[PDB]
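**Student:** Give me the fold of what follows.
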Amino acid sequence: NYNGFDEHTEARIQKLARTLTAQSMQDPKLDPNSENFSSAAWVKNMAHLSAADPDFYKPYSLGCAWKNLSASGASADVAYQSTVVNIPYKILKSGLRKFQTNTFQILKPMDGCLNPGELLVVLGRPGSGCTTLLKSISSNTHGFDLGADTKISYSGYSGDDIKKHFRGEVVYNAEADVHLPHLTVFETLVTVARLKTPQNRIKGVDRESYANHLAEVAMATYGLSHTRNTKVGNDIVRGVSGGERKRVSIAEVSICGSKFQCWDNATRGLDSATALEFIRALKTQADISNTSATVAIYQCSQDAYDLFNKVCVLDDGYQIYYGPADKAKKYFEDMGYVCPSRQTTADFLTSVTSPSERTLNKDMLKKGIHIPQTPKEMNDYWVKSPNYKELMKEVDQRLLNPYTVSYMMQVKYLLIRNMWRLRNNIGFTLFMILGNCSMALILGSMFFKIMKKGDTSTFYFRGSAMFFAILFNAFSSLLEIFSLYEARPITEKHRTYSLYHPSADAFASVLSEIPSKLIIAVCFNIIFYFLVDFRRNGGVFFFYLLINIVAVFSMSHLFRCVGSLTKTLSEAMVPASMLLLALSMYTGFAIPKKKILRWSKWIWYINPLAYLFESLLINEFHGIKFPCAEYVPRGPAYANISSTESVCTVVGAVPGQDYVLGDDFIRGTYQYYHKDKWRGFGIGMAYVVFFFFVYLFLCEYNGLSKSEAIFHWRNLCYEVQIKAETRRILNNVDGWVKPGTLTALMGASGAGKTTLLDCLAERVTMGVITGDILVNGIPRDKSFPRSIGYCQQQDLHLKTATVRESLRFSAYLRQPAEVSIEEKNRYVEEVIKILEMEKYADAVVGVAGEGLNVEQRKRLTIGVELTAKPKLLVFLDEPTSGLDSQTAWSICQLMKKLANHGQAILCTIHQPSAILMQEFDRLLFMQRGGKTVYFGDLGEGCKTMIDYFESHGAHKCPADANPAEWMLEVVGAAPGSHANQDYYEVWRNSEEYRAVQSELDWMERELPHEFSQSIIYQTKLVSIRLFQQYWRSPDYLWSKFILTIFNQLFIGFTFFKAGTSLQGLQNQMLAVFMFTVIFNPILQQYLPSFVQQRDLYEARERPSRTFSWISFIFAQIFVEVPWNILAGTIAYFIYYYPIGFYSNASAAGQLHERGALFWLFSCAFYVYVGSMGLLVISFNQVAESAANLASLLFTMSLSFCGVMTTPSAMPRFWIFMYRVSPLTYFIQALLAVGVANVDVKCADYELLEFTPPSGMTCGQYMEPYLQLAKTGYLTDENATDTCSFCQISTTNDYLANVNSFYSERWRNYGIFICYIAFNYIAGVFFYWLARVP
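**Tutor:** Residues are numbered from 1 along each chain as shown. This is the structure:
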């Protein structure tokens, strides 16, 4: 723990400075190695060194003065929920409003002044203008505006000045938690130290040594020298604890040299012991570096108050007082109020602003002197006060009169920072490397057999292999986007400091990743190029590798620009998906350049992958001769042939050749001419450089039912095994609760405050409880956990349901079944009134940022347990934890009211202020380890407990000390307590224990279907809720529908009426191939909803018995399907017709059946997508691991689909996979239903031509072949000089080669339905095994 620059820090700093001086070897008030050295002088001299550079105007120290400060904000107009149907009109009205006044006053006129070195604390209730004031005085005026009369002067330099020249000397920190988790503390501080050394004014020590020493000192001063090698961490990453983490921010901003500061919500979620240390460290900064700071805090302990110089009290956006810290209480007592005996000064100052907690001075009322009682009157009285007449003088007397290190080093140090990040989180990088190695080794094998021959039968596979290689190279980098969004908040923080250019951060992010790219592009490419058996020449292999490197760089730098514009990955999934489809579809292989329609050619002319693939193929085919495989006239009857009487079944063939010159094949099919070898590299570099610079530019510039059971427990014991076998956490605890009483349960950092609720509430999961808990003198049973409420300490609700819906849902599912839905509603009205929330019953629960504020959410969570008509206790857990004083008192009053009505309550409590304590009728206090110390009436003013403890030997209590902490100091439980005896034994022997035991003995003479609803009703209600939750989530549904209506329509139109030529049939097959790649975006969009609702269920709904898991999972299934079916129907309508399938359907006369079945497949595919996305998340904690697994399975299924490589060419092993994947059946059925039963039309360049033998027509020459094989047609039969031949007479002969059939469409449909069903069933089973206890 920390003591505020005690002798230890001085010793450590002297040691470090001695080390610095010794290492430098190549007045005595300053020298490490002399006598009477003083650390403060040394640290202050380093500070001045950092500040007073000869050629910098940076001021020595900044105060602040402000008179008539006035802030107003945009009007709070009415709002409404953004249902899926409302978001269009809402978008329209908002856009019109922005394209083409109404305001409100937030801060009424204020004055003030703050001097170098002082500390200012801005007190006030929530929503009283604290944040607005803090932002105003630091010139961060965004979201509002300052009135014209305002005037601010930072000790000489107007507000506009520091915006132009000294930003960095004025800081604002809404929160001190933003830190990059995976570095160590030293690695977090030393980089900032390096960035800030005045590089031109150090002598006799190298740059790095001075930076290391400055970081070491900056750790030592703020008591962090024991976390030198721990990760800073976050909520989910283990590291330094909360207080230490918040002190890291002060150390960082100390090195950064900010002279003025502001901290808005500084001490969130810090106990009284840690907030004090944080404030003390801030005081040390103000003491040493001569800064000045202002902190706005809630629950300011008296100890933390004594350190502050000045206090600013706010109310309803006014100013009540602003003067020295210790004179505030006297001024407020002279005002007319009286501070109760035990109330702390800060709580007193805050409470006076709340009508209910005040205590007027009766003497003044009796004599008839006006006492202000509303904030306006208080402001008037203050303005009339002499304190203001002094403050105006102290104001007027002040109001009457770029990056340290050059750009290259800003890049260098950030690059090293990124390398450290990688080294501390190396598992993420090895995942990528191993994944790409595995993908290469797998998808290479798939080609391993066919390629060996090298004949003209592998041309299509030589195309597909390049397709896979170029895609899996280009898109292997996108995993780096996560580390961009992770590091954006920290870069935004460091921008506020004049620390480094954002361009520098981006430039370092580009470079730091290069090693991973040039490891993957070597391993993957070597493996793949070896396996697929391309040309062995090294002089072409190196060019292939170069082209892949350029492709990966190009796409990496394009998607960095895409990820820069959008706020978060959730935003980027849609536009990134659309751009990915555009770039991967127009690569020049799915649709060859010859067949691209006019309206989309330009897309091919601006696609870098198109040119790179062109270069790859020109390289791979140019100037190499492939021997033939099969000539078009075949069979024994053709045993005699002249060279000119035969040709190859391939595009570029020439009659009389023993081979085909690959140059001619690429010319014939794709129109790539060998003179275009380097165009691809040239354009690739242009795109890389251009999009890199665009990336940099963008980053630079952008009534209640009574209780009836006297619940009591005796001899209760608790034991666990995890840390050690058979150790005891509750040791013979005993007590009771009587209806109509409010009992509290306090304990130290030791005793199980919580564990004694969970053992009682039957909510523990492990261990053994000994002894008996009794209800009416007989043990609890299976029915118990439905008769007790339990208000979690947290507040977690479905963010789309409104308060009345949240209440009524639980009312329905928890209350007994025999009450009609009419009565439960009047009971919900009872509950709404008794909690006094009738004004906002119809608000949206939302999240903390935009919705119900914390007090309202805690009122709600209590509401949800009353509405279940529990008959036994209503347990709570630390209801006041996290709440400021005023809302804590409000909740305490609510609990007292519920207790008065007749509802028993047993509530844990943590650090309650002295005023709250009186409200709890009883108490149960426990020591380190579950030993009970006290159990009895708390008495009036806590006298009864103080009497007991003082009677048995405890040191007396001060007349104004807080009892709730006094007793914590009486017996252990406090740092350095040293209790004078064991208070467990005194209780064991006391009279009170005898009375309690006698009562329980008399208590044992007092004695004289695990889910309320069925499964069907639970599923009905939960499904209705989940429907309301998809609805009211416009983002999900619309980013689903527009994504589909683009991807499908784009794919449909690019192949608009592809025809029925051989290339046409291949293009239609690929079109059915790109129909499916929409799997991943839709699955990833769907996943978060399930995660949200499952997290709510397993946390709150499961233990409380609200509904059974079966009903939850069936709600998921029964709701996700009706949306996917609609999406599939839309996709069918926009996809089936443009590409021309219906025209094929009419010819065969089967339009109705071939349309209905196609629609059924377009529905089944989306239902399958939903089911697969449910299965993969059934057994995963996180959405991202589920997305990873789903993408991997989809890639594996799609690669072996029999379309990228036909199953004949597949190696022997992988045949099994080609049979078990579902997409093979899907493609076989859909393509067949598309293009079956129609005649083929070979084009002008497809047709094979040659000469017939002399003295016979073409028909007679060819006819025997047209019997040895049973398909093909001749454009002419009476020709004599030459003929033209087309191997395929009907598409039903092409499909058979693709291994699809039109007679097997319904069977494939049946198998696909079977796969959907299996996915759902296995999802349910894996949920039952991986999550249900």
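
**Student:** can you pull out the helices in the stretch 451-600 of the chain?
**Tutor:** Remark: helices assigned in the stretch 451-600 of the chain by DSSP state H, counting those that start in this stretch are 459-474, 482-496, 502-512, 514-532, 538-565, 569-585.

**Student:** Output the ones you listed as a markdown table; include the columns distance to residue 887 and mean neighbour count.
**Tutor:** Any C-beta I mention is one placed from the backbone N, CA and C, and that applies to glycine too. Listed next are the helices of the stretch 451-600 of the chain as a markdown table, based on distance: least, CB to CB, whole Å; neighbours: other CB atoms under 10 Å:
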| stretch | distance to residue 887 | mean neighbour count |
| --- | --- | --- |
| helix 459-474 | 55 | 22 |
| helix 482-496 | 29 | 17 |
| helix 502-512 | 39 | 21 |
| helix 514-532 | 49 | 17 |
| helix 538-565 | 40 | 20 |
| helix 569-585 | 32 | 18 |
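
**Student:** Tabulate those helices (TSV), appending distance to residue 798.
**Tutor:** Shown next, in TSV, are the helices of the stretch 451-600 of the chain (distance: least, CB to CB, whole Å):
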stretch	distance to residue 798
helix 459-474	40
helix 482-496	26
helix 502-512	38
helix 514-532	40
helix 538-565	30
helix 569-585	19
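
**Student:** tell me what the helix or strand that contains residue 9 is packed against?
**Tutor:** Using DSSP states H and E, residue 9 sits within helix 7-23. In terms of contacts (3 or more CB pairs under 8 Å, 6 or more residues apart in numbering; DSSP states H and E), helix 7-23 is packed against helix 39-51, helix 207-221.

**Student:** nearest to residue 768, of the ones you listed?
**Tutor:** helix 207-221 (45.9 Å; CB to CB).

**Student:** ok now stretch 299-317, how far from the chain's centre?
**Tutor:** Distance, stretch centre to chain centre, for stretch 299-317: 35 Å (CA atoms, centre = their mean, to the nearest Å).

**Student:** Restrict stretch 996-1012 to CA atoms and write it as PDB.
**Tutor:** The C-alpha trace of stretch 996-1012 is given here as PDB (Å, rounded to 0.1, in the frame of the first residue of the first chain):
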ATOM      1  CA  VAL A 996     -29.900 -15.900  21.300                       C
ATOM      2  CA  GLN A 997     -29.500 -19.600  21.900                       C
ATOM      3  CA  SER A 998     -32.400 -19.600  24.400                       C
ATOM      4  CA  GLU A 999     -34.500 -17.800  21.700                       C
ATOM      5  CA  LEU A1000     -33.700 -20.300  19.000                       C
ATOM      6  CA  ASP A1001     -34.500 -23.100  21.500                       C
ATOM      7  CA  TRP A1002     -37.900 -21.500  21.900                       C
ATOM      8  CA  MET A1003     -38.000 -21.000  18.200                       C
ATOM      9  CA  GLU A1004     -37.900 -24.800  17.600                       C
ATOM     10  CA  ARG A1005     -41.300 -24.900  19.400                       C
ATOM     11  CA  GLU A1006     -42.800 -22.600  16.800                       C
ATOM     12  CA  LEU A1007     -43.800 -25.300  14.300                       C
ATOM     13  CA  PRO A1008     -47.500 -25.700  15.400                       C
ATOM     14  CA  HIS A1009     -43.200 -28.800  -9.000                       C
ATOM     15  CA  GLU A1010     -39.900 -27.000  -9.300                       C
ATOM     16  CA  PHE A1011     -41.100 -24.500 -12.000                       C
ATOM     17  CA  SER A1012     -44.300 -22.600 -11.600                       C
END
